[PDB]
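> Just dropping in an experimental structure and the matching sequence.
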Amino acid sequence: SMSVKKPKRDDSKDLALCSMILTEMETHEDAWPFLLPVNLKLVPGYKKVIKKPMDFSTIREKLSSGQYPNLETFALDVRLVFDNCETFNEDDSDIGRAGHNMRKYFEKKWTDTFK
């Protein structure tokens with residue numbers, strides 16, 4: 001509350017560390033469905049159904065331009081990518097399995113880097 005604060009967690013490395021995680025997600029062999037925005041002209045149903053499209057290149061540009069106010073807003077966009085994938089793709093598809101795998105990979109890096 002006013003003039004009452006918990007001890008200050010050092011957040012000075014968060015930007016660098018989120019960038020490193022994102023590099024590791026970019027270079028994973030199962031990243032291919034997520035590297036670029038889904039083409040809304042060429043994929044029937046996507047525009048109407050997926051209310052907030054998100055992809056790694058869009059996260060990278062937001063990251064690079066100071067559009068994440070803190071590390072939690074960064075995690076929310078990463079998770080959005082996988083939540084969108086589960087909304088549109090069957091679990092038993094190459095893209096559906098890709099999404100589950102990447103989400104796992106991300107959540108471990110996130111815990112190991114920050115928790």
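Cool, got the structure. Residues are numbered from 1 along each chain as shown.

> where exactly do the helices run in the chain?
Here the chain has its helices, by DSSP state H, at 14-27, 46-49, 56-64, 71-88, 94-114.

> Select, out of these, the one closest to residue 35.
Nearest to residue 35, of all the helices of the chain, is helix 56-64, at 5.4 Å by Cβ to Cβ. Where C-beta positions appear, they are placed from N, C-alpha and C, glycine not excepted.

> tell me what that closest one is packed against?
Applying 3 or more Cβ pairs under 8 Å, 6 or more residues apart in numbering; DSSP states H and E, we find helix 56-64 packed against helix 14-27, helix 71-88.

> and the last one, what other elements does it pack with?
It stands for helix 71-88. Right, helix 71-88 is packed against helix 14-27, helix 46-49, helix 56-64, helix 94-114 by 3+ Cβ pairs under 8 Å, 6+ apart.

> And for the third one, what's in contact with it?
Counting by Cβ atoms under 8 Å, 6 or more residues apart in numbering, the neighbours of helix 56-64 from elsewhere in the structure are 15, 18-19, 22, 25-26, 31, 34-37, 68, 74, 77-78, 81.

> redo that, cut-off 7 Å
Outside helix 56-64, the residues that touch it by Cβ atoms under 7 Å, 6 or more residues apart in numbering are 18-19, 22, 25-26, 31, 34-37, 68, 74, 77-78.

> quick one: which of those is most hemmed in?
Neighbour tally across those (other Cβ atoms under 10 Å): the maximum, 26 neighbours, falls on residue 34.
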